[PDB]
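What you see below is based on every heavy atom in this structure, not just the backbone, and it leaves out hydrogens, waters and symmetry mates. Just so we're on the same page: letters track the sequence lines, and every chain starts at 1.
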Amino acid sequence: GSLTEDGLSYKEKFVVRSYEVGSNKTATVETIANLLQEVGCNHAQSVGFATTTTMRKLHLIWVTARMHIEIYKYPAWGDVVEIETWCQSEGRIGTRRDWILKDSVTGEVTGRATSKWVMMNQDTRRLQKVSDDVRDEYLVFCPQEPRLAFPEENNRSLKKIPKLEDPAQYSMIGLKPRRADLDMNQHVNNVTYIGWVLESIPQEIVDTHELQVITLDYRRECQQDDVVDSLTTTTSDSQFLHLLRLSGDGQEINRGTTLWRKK
Amino acid sequence: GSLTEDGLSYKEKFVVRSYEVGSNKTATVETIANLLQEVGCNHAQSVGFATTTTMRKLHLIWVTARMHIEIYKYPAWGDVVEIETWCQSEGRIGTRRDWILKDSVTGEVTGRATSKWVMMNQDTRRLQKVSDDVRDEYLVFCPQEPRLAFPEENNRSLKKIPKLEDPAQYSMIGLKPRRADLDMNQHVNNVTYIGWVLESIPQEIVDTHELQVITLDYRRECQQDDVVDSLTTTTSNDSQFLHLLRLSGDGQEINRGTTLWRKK
Ligand SMILES: NS(=O)(=O)c1ccccc1OC(F)F
Ligand SMILES: NS(=O)(=O)c1ccccc1OC(F)F
């Protein structure tokens, strides 16, 4: 991949692999979300990084607060998908990373995503607003004018998600992460939580519908030795409300919604 | 990727991804085994397929009986790895698929693998010898002279694996596959079983050693709604382990294997 002409966004092409596709011989949403993460990392590498000089001295990291993916067409096995990604400052709240997924043959937009990121101290895990010093450093890598993947004011990407109330309609209990679910820093990958959310959707929905929209709020990380319960309730196309919580005390780790279309 | 000049082997280059690497910033053995599977599939596609005309008419499929991976150097995140793969007939027993992993910059061999495949009826799950009619159809895609990734007289790839006896030294109880662990035909991916085997190795071994050799025998398939227990016992400067995968309930064997680890 490479940075675009203006050096304010990064493009990369991926060939869809045999093991990355589902029953429909098209890429799963977890494969897509893994590709978005990879193109995000390559953009950080190409511009010099993933934290700023001041962030390293202050022991601060970027953590995901929310992920919103919208797919119109999942790429088939062997197809080439092209993803363009960019970052933008959101004042002192944090940073937003957006993506556009395109068909490499037609050039049509097949999907789009947006994510919200906040600053946190590696140790202590305290949320802190973005400093004036750590702002000047990365603003040179972001476009100055707003460039939104979801320009619609008050759309699905910015809707507040409610808490699922017991009893849930569907459930998947006792989910545990394995070594492959960890990243290079031995933390659970943000993509595993997507897989866990979807585990409680009935197989009959998965077989008869396609995932169109997925919005996921991150509240607490799942440790290597933690166990998770995945809960789902229909709120409706098919709409669902999801809750990820610890098998024991029931401490919330994630909340979200999914929208599915009949095939 | 592309087939080589003679049309008897397939080469492909992969850039190592951020999510594909472990704590050491090098590709995990599950990422490697996934790449071997992908290059295997692209070889089947390039030559016209992953079953022959006769195999589809008789509802027969190719199933893995054994996998043997040996890694000298795991590629780093961002490095380009090049894999060459080929198939060879083993008479009526079945087919063997071999791989060579190379560093794309130096051209040095960083790893190698071999796997044994048998014919099975997709519906009855009954195994069978390869008929001559099937053998004539795919022999045109295989080299005629033997081309072994593991030439050695006394090689690790062909050693019989014993059954782990209880009590195991280490264990990882209640492992269940999730949707991402399934392939396009809703069967558990052969690579997930590698991850499950390794789950019972203590984290202290993983942190202080590197996986050099892994041999895994496939006996039974894990269904979507099956639960697995992963057992490990040390059998040994190097560390050797004996592994057993079995169903949490009745204890029906699904896999058996060995791993060899060296100090970092
Ligand atoms: N290092 S990074 O991944 O956070 C990054 C990459 C490209 C542009 C900006 C940016 O950081 C900004 F959000 F602070
Ligand atoms: N089994 S397969 O269809 O994946 C295949 C791929 C390339 C060459 C031969 C071949 O068949 C036979 F050698 F087993």
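The existence of a salt bridge linking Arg17(B) and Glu12(A) is excluded, since no basic side-chain nitrogen approaches an acidic carboxylate oxygen closer than 4.0 Å.
Annotation: maximal heavy-atom pairing with chain A below 4.5 Å, among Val21(B), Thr31(B), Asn24(B), occurs at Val21(B). Residue with the most contacts toward chain B among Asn34(A), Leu198(A), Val191(A), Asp183(A): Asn34(A) (heavy-atom pairs, distance under 4.5 Å).
If you measure heavy-atom distances from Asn189(B) to chain A, the contacts under 4.5 Å come from the side chain alone. Contact annotation for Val206(B): only side-chain heavy atoms (C-beta onward) come within less than 4.5 Å of a heavy atom of chain A. Looking at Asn190(B), there are no atoms closer than 4.5 Å to chain A (heavy atoms on both sides), in backbone or side chain. Heavy-atom distances place both the backbone and the side chain of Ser23(A) under 4.5 Å from chain B. Contacts between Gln186(A) and chain B at a heavy-atom distance below 4.5 Å involve the side chain alone, from C-beta outward. Using a 4.5 Å cut-off between heavy atoms, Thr28(B) does not touch chain A at all. Interface remark: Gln203(A) contributes backbone and side-chain atoms alike to the contact with chain B (heavy atom separation under 4.5 Å). Both the backbone and the side chain of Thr192(A) come within contact range of chain B, each with at least one heavy atom under 4.5 Å from a heavy atom of that chain. With a 4.5 Å cut-off on non-hydrogen atoms, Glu30(B) touches chain A through its side chain but not through its backbone.
A donor-acceptor pair is defined here as one N or O able to donate and one able to accept, closer than 3.5 Å; such a pair exists between the side chain of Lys263(A) and the backbone of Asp207(A). Looking only at distances, a side-chain donor or acceptor of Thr4(A) sits under 3.5 Å from a matching main-chain atom of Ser9(A).
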Check the pair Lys176(B) / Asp181(B) against side chain to side chain contact (heavy atoms under 4.5 Å, CB included), numbers first and verdict last.
-> CA-CA 9 Å; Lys176(B) 295 185 305 184; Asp181(B) 296 313; over 6 Å; no

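Nearest heavy atoms, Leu211(B) versus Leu260(B): CD1-O, 3.7 Å. Listed here is the closest heavy atom pair of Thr114(B) and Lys116(B): OG1-NZ, 4.4 Å. Residues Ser115(A) and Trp99(A) approach most closely at OG-CH2, 3.4 Å, considering heavy atoms.
Residues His68(B) and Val213(B) have side chains in contact (heavy-atom distance under 4.5 Å, counting atoms from C-beta outward).
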